[PDB]
>>> print(open('query.pdb').read())   # PDB, N, CA and C atoms
MODEL        1
ATOM      1  N   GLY A  19      35.732 -11.885  -1.757
ATOM      2  CA  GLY A  19      35.118 -11.756  -0.449
ATOM      3  C   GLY A  19      34.601 -13.079   0.082
ATOM      4  N   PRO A  20      33.851 -13.022   1.192
ATOM      5  CA  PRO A  20      33.282 -14.216   1.825
ATOM      6  C   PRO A  20      32.171 -14.841   0.987
ATOM      7  N   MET A  21      31.482 -15.821   1.564
ATOM      8  CA  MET A  21      30.394 -16.501   0.870
ATOM      9  C   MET A  21      29.047 -15.885   1.237
ATOM     10  N   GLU A  22      29.056 -15.002   2.230
ATOM     11  CA  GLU A  22      27.835 -14.344   2.677
ATOM     12  C   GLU A  22      27.314 -13.383   1.613
ATOM     13  N   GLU A  23      25.996 -13.358   1.439
ATOM     14  CA  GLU A  23      25.372 -12.485   0.453
ATOM     15  C   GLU A  23      25.262 -11.058   0.981
ATOM     16  N   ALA A  24      25.017 -10.931   2.281
ATOM     17  CA  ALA A  24      24.890  -9.623   2.911
ATOM     18  C   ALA A  24      26.247  -8.937   3.029
ATOM     19  N   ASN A  25      27.289  -9.731   3.254
ATOM     20  CA  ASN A  25      28.640  -9.199   3.387
ATOM     21  C   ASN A  25      29.126  -8.610   2.066
ATOM     22  N   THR A  26      28.639  -9.168   0.961
ATOM     23  CA  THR A  26      29.023  -8.699  -0.364
ATOM     24  C   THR A  26      27.991  -7.730  -0.926
ATOM     25  N   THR A  27      26.770  -7.804  -0.403
ATOM     26  CA  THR A  27      25.692  -6.932  -0.853
ATOM     27  C   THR A  27      25.393  -5.850   0.178
ATOM     28  N   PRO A  28      25.869  -4.625  -0.094
ATOM     29  CA  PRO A  28      25.664  -3.481   0.799
ATOM     30  C   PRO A  28      24.211  -3.018   0.823
ATOM     31  N   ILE A  29      23.608  -2.915  -0.356
ATOM     32  CA  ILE A  29      22.219  -2.486  -0.468
ATOM     33  C   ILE A  29      21.290  -3.676  -0.677
ATOM     34  N   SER A  30      20.175  -3.684   0.047
ATOM     35  CA  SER A  30      19.203  -4.766  -0.058
ATOM     36  C   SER A  30      18.221  -4.507  -1.196
ATOM     37  N   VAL A  31      17.857  -5.569  -1.908
ATOM     38  CA  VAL A  31      16.923  -5.458  -3.022
ATOM     39  C   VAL A  31      15.530  -5.080  -2.536
ATOM     40  N   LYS A  32      14.851  -4.232  -3.302
ATOM     41  CA  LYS A  32      13.507  -3.791  -2.952
ATOM     42  C   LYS A  32      12.503  -4.928  -3.106
ATOM     43  N   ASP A  33      11.531  -4.981  -2.202
ATOM     44  CA  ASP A  33      10.507  -6.018  -2.240
ATOM     45  C   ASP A  33       9.321  -5.580  -3.093
ATOM     46  N   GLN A  34       8.728  -6.532  -3.806
ATOM     47  CA  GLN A  34       7.585  -6.243  -4.664
ATOM     48  C   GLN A  34       6.334  -5.978  -3.833
ATOM     49  N   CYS A  35       5.467  -5.109  -4.340
ATOM     50  CA  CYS A  35       4.232  -4.767  -3.645
ATOM     51  C   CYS A  35       3.055  -5.564  -4.202
ATOM     52  N   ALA A  36       1.979  -5.639  -3.426
ATOM     53  CA  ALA A  36       0.787  -6.367  -3.841
ATOM     54  C   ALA A  36      -0.214  -5.440  -4.523
ATOM     55  N   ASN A  37      -0.942  -5.976  -5.496
ATOM     56  CA  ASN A  37      -1.935  -5.196  -6.227
ATOM     57  C   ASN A  37      -3.315  -5.342  -5.596
ATOM     58  N   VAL A  38      -3.347  -5.838  -4.363
ATOM     59  CA  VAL A  38      -4.602  -6.027  -3.646
ATOM     60  C   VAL A  38      -5.492  -4.794  -3.762
ATOM     61  N   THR A  39      -6.798  -5.020  -3.865
ATOM     62  CA  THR A  39      -7.756  -3.929  -3.983
ATOM     63  C   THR A  39      -8.600  -3.799  -2.721
ATOM     64  N   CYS A  40      -9.096  -2.593  -2.466
ATOM     65  CA  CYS A  40      -9.918  -2.336  -1.291
ATOM     66  C   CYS A  40     -11.244  -1.690  -1.686
ATOM     67  N   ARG A  41     -12.151  -1.576  -0.721
ATOM     68  CA  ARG A  41     -13.458  -0.978  -0.968
ATOM     69  C   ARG A  41     -13.973  -0.264   0.278
ATOM     70  N   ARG A  42     -14.342   1.003   0.117
ATOM     71  CA  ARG A  42     -14.850   1.798   1.228
ATOM     72  C   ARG A  42     -16.037   2.650   0.788
ATOM     73  N   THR A  43     -17.141   2.538   1.521
ATOM     74  CA  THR A  43     -18.346   3.296   1.207
ATOM     75  C   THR A  43     -18.894   3.996   2.446
ATOM     76  N   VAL A  44     -19.484   5.170   2.245
ATOM     77  CA  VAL A  44     -20.052   5.939   3.346
ATOM     78  C   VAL A  44     -21.162   6.861   2.857
ATOM     79  N   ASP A  45     -22.377   6.623   3.341
ATOM     80  CA  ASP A  45     -23.526   7.433   2.954
ATOM     81  C   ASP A  45     -24.242   7.982   4.184
ATOM     82  N   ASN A  46     -24.919   9.113   4.013
ATOM     83  CA  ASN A  46     -25.646   9.742   5.110
ATOM     84  C   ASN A  46     -24.768   9.847   6.354
ATOM     85  N   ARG A  47     -23.457   9.896   6.144
ATOM     86  CA  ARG A  47     -22.510   9.997   7.248
ATOM     87  C   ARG A  47     -21.789  11.342   7.225
ATOM     88  N   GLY A  48     -21.575  11.872   6.024
ATOM     89  CA  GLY A  48     -20.895  13.148   5.887
ATOM     90  C   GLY A  48     -19.402  13.037   6.116
ATOM     91  N   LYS A  49     -18.945  11.838   6.460
ATOM     92  CA  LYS A  49     -17.528  11.600   6.709
ATOM     93  C   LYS A  49     -16.937  10.675   5.650
ATOM     94  N   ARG A  50     -15.775  11.050   5.125
ATOM     95  CA  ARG A  50     -15.105  10.253   4.104
ATOM     96  C   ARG A  50     -14.602   8.936   4.687
ATOM     97  N   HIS A  51     -14.843   7.845   3.967
ATOM     98  CA  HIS A  51     -14.413   6.523   4.412
ATOM     99  C   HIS A  51     -13.109   6.119   3.732
ATOM    100  N   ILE A  52     -12.134   5.702   4.532
ATOM    101  CA  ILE A  52     -10.841   5.286   4.007
ATOM    102  C   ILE A  52     -10.625   3.788   4.197
ATOM    103  N   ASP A  53      -9.958   3.166   3.231
ATOM    104  CA  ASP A  53      -9.683   1.734   3.293
ATOM    105  C   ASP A  53      -8.251   1.476   3.749
ATOM    106  N   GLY A  54      -7.978   0.239   4.154
ATOM    107  CA  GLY A  54      -6.647  -0.116   4.611
ATOM    108  C   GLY A  54      -5.876  -0.920   3.582
ATOM    109  N   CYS A  55      -4.551  -0.867   3.664
ATOM    110  CA  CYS A  55      -3.697  -1.593   2.732
ATOM    111  C   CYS A  55      -2.481  -2.174   3.448
ATOM    112  N   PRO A  56      -1.889  -3.221   2.853
ATOM    113  CA  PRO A  56      -0.712  -3.889   3.416
ATOM    114  C   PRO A  56       0.537  -3.018   3.347
ATOM    115  N   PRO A  57       1.639  -3.515   3.926
ATOM    116  CA  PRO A  57       2.918  -2.799   3.942
ATOM    117  C   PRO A  57       3.559  -2.725   2.560
ATOM    118  N   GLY A  58       4.126  -1.567   2.237
ATOM    119  CA  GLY A  58       4.765  -1.389   0.946
ATOM    120  C   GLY A  58       3.844  -0.747  -0.074
ATOM    121  N   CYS A  59       2.551  -0.720   0.234
ATOM    122  CA  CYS A  59       1.564  -0.133  -0.664
ATOM    123  C   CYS A  59       0.405   0.471   0.124
ATOM    124  N   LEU A  60      -0.132   1.576  -0.380
ATOM    125  CA  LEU A  60      -1.246   2.252   0.274
ATOM    126  C   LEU A  60      -2.382   2.512  -0.710
ATOM    127  N   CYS A  61      -3.614   2.420  -0.224
ATOM    128  CA  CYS A  61      -4.787   2.646  -1.059
ATOM    129  C   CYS A  61      -5.625   3.801  -0.520
ATOM    130  N   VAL A  62      -5.713   4.876  -1.298
ATOM    131  CA  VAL A  62      -6.485   6.047  -0.900
ATOM    132  C   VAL A  62      -7.648   6.289  -1.854
ATOM    133  N   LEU A  63      -8.865   6.216  -1.324
ATOM    134  CA  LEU A  63     -10.064   6.428  -2.129
ATOM    135  C   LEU A  63     -10.870   7.611  -1.604
ATOM    136  N   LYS A  64     -11.038   8.625  -2.446
ATOM    137  CA  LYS A  64     -11.792   9.816  -2.070
ATOM    138  C   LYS A  64     -13.154   9.836  -2.753
ATOM    139  N   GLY A  65     -14.210   9.971  -1.957
ATOM    140  CA  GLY A  65     -15.553  10.004  -2.504
ATOM    141  C   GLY A  65     -16.423  11.058  -1.847
ATOM    142  N   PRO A  66     -16.802  12.085  -2.621
ATOM    143  CA  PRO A  66     -17.641  13.181  -2.128
ATOM    144  C   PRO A  66     -19.072  12.735  -1.849
ATOM    145  N   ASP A  67     -19.986  13.698  -1.796
ATOM    146  CA  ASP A  67     -21.391  13.403  -1.538
ATOM    147  C   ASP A  67     -21.914  12.351  -2.512
ATOM    148  N   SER A  68     -21.261  12.244  -3.664
ATOM    149  CA  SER A  68     -21.663  11.280  -4.683
ATOM    150  C   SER A  68     -20.898   9.970  -4.523
ATOM    151  N   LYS A  69     -20.364   9.747  -3.327
ATOM    152  CA  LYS A  69     -19.609   8.533  -3.039
ATOM    153  C   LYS A  69     -20.375   7.295  -3.495
ATOM    154  N   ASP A  70     -19.670   6.173  -3.597
ATOM    155  CA  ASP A  70     -20.285   4.920  -4.019
ATOM    156  C   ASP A  70     -19.559   3.725  -3.408
ATOM    157  N   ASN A  71     -19.994   2.524  -3.775
ATOM    158  CA  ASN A  71     -19.387   1.302  -3.261
ATOM    159  C   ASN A  71     -18.149   0.927  -4.072
ATOM    160  N   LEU A  72     -17.691   1.856  -4.904
ATOM    161  CA  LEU A  72     -16.515   1.625  -5.735
ATOM    162  C   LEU A  72     -15.348   1.111  -4.896
ATOM    163  N   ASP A  73     -14.359   0.527  -5.564
ATOM    164  CA  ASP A  73     -13.185  -0.003  -4.881
ATOM    165  C   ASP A  73     -11.961   0.871  -5.144
ATOM    166  N   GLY A  74     -11.063   0.932  -4.167
ATOM    167  CA  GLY A  74      -9.863   1.735  -4.310
ATOM    168  C   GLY A  74      -8.717   0.959  -4.929
ATOM    169  N   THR A  75      -7.665   1.671  -5.320
ATOM    170  CA  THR A  75      -6.501   1.043  -5.932
ATOM    171  C   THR A  75      -5.301   1.079  -4.993
ATOM    172  N   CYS A  76      -4.296   0.262  -5.294
ATOM    173  CA  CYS A  76      -3.090   0.200  -4.477
ATOM    174  C   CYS A  76      -1.850   0.495  -5.316
ATOM    175  N   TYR A  77      -0.894   1.199  -4.721
ATOM    176  CA  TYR A  77       0.341   1.550  -5.414
ATOM    177  C   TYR A  77       1.560   1.167  -4.580
ATOM    178  N   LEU A  78       2.625   0.752  -5.257
ATOM    179  CA  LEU A  78       3.856   0.357  -4.581
ATOM    180  C   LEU A  78       4.643   1.581  -4.124
ATOM    181  N   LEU A  79       5.236   1.489  -2.940
ATOM    182  CA  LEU A  79       6.022   2.588  -2.389
ATOM    183  C   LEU A  79       7.483   2.480  -2.814
ATOM    184  N   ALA A  80       8.044   3.595  -3.272
ATOM    185  CA  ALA A  80       9.434   3.626  -3.707
ATOM    186  C   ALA A  80      10.384   3.618  -2.513
ATOM    187  N   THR A  81       9.964   4.256  -1.425
ATOM    188  CA  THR A  81      10.777   4.322  -0.217
ATOM    189  C   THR A  81      11.245   2.936   0.209
ATOM    190  N   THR A  82      12.560   2.766   0.313
ATOM    191  CA  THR A  82      13.136   1.488   0.711
ATOM    192  C   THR A  82      13.126   1.329   2.227
ATOM    193  N   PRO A  83      12.890   0.093   2.692
ATOM    194  CA  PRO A  83      12.850  -0.220   4.124
ATOM    195  C   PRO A  83      14.227  -0.134   4.774
ATOM    196  N   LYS A  84      14.312  -0.562   6.029
ATOM    197  CA  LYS A  84      15.570  -0.535   6.764
ATOM    198  C   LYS A  84      16.120  -1.945   6.952
ATOM    199  N   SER A  85      15.602  -2.888   6.172
ATOM    200  CA  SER A  85      16.039  -4.277   6.254
ATOM    201  C   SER A  85      17.368  -4.470   5.531
ATOM    202  N   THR A  86      18.313  -5.120   6.205
ATOM    203  CA  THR A  86      19.627  -5.371   5.630
ATOM    204  C   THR A  86      19.696  -6.756   4.998
ATOM    205  N   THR A  87      18.894  -7.680   5.519
ATOM    206  CA  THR A  87      18.864  -9.043   5.007
ATOM    207  C   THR A  87      18.089  -9.122   3.697
ATOM    208  N   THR A  88      18.724  -9.681   2.671
ATOM    209  CA  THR A  88      18.093  -9.816   1.364
ATOM    210  C   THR A  88      16.788 -10.597   1.462
TER     211      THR A  88
ENDMDL
END
>>> encode(input="query.pdb", output="structure tokens")
Amino acid sequence: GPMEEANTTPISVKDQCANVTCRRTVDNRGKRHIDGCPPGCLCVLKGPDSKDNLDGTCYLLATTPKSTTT
């Protein structure tokens, strides 16, 4: 085939996710506080009435993007 990588590579390689950590706290609010995360990974932290200043975790998403360029 040609010298192009995309022309020879039909499927694009998955991109690595970041292990960045987040922190969300909410008291005397009665509403759960959610933190934000970058693309490819999401951080969900659930804290009931006993919520705290704890930090949430991040996980990599298996779902592949729509990018064709390696």
>>> closest_residue(input="query.pdb", among="A:84, A:42, A:32, A:50", to="residue 71 (chain A)", atoms="all atoms listed in the file")
A:42
>>> select_by_dssp(input="query.pdb", residues="region 22-74 of chain A", states="strand (DSSP E)", output="number ranges by chain")
A: 40-41, 59-60, 73-74
>>> atom_distance(input="query.pdb", atom1="CA of residue 75 (chain A)", atom2="atom N of residue 49 (chain A)")
20.6 Å
>>> residues_near_point(input="query.pdb", point="(-20.3, -1.4, -3.8)", cutoff="8 Å", atoms="only N, CA and C atoms", output="list in words")
residues 41, 42, 43, 70, 71, 72 and 73 of chain A
>>> write_last_selection(input="query.pdb", atoms="N, CA and C atoms", output="mmCIF file, keeping the file's coordinate frame")
data_model
loop_
_atom_site.group_PDB
_atom_site.id
_atom_site.type_symbol
_atom_site.label_atom_id
_atom_site.label_comp_id
_atom_site.auth_asym_id
_atom_site.auth_seq_id
_atom_site.Cartn_x
_atom_site.Cartn_y
_atom_site.Cartn_z
ATOM 1 N N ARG A 41 -12.151 -1.576 -0.721
ATOM 2 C CA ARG A 41 -13.458 -0.978 -0.968
ATOM 3 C C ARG A 41 -13.973 -0.264 0.278
ATOM 4 N N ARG A 42 -14.342 1.003 0.117
ATOM 5 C CA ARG A 42 -14.850 1.798 1.228
ATOM 6 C C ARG A 42 -16.037 2.650 0.788
ATOM 7 N N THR A 43 -17.141 2.538 1.521
ATOM 8 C CA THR A 43 -18.346 3.296 1.207
ATOM 9 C C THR A 43 -18.894 3.996 2.446
ATOM 10 N N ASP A 70 -19.670 6.173 -3.597
ATOM 11 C CA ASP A 70 -20.285 4.920 -4.019
ATOM 12 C C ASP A 70 -19.559 3.725 -3.408
ATOM 13 N N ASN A 71 -19.994 2.524 -3.775
ATOM 14 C CA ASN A 71 -19.387 1.302 -3.261
ATOM 15 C C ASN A 71 -18.149 0.927 -4.072
ATOM 16 N N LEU A 72 -17.691 1.856 -4.904
ATOM 17 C CA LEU A 72 -16.515 1.625 -5.735
ATOM 18 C C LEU A 72 -15.348 1.111 -4.896
ATOM 19 N N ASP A 73 -14.359 0.527 -5.564
ATOM 20 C CA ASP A 73 -13.185 -0.003 -4.881
ATOM 21 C C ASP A 73 -11.961 0.871 -5.144
#
>>> resolve_selection(input="query.pdb", expression="the PyMOL selection byres ((chain A and resi 37) around 7)", output="PyMOL selection string")
chain A and resi 35-36+38-39+75-77
>>> atom_distance(input="query.pdb", atom1="atom C of residue 68 (chain A)", atom2="CA of residue 45 (chain A)")
8.3 Å
>>> resolve_selection(input="query.pdb", expression="the PyMOL selection byres (((chain A and resi 58 and name CA) around 8) and name CA)", output="list in words")
residues 34, 35, 36, 56, 57, 59, 60, 78 and 79 of chain A
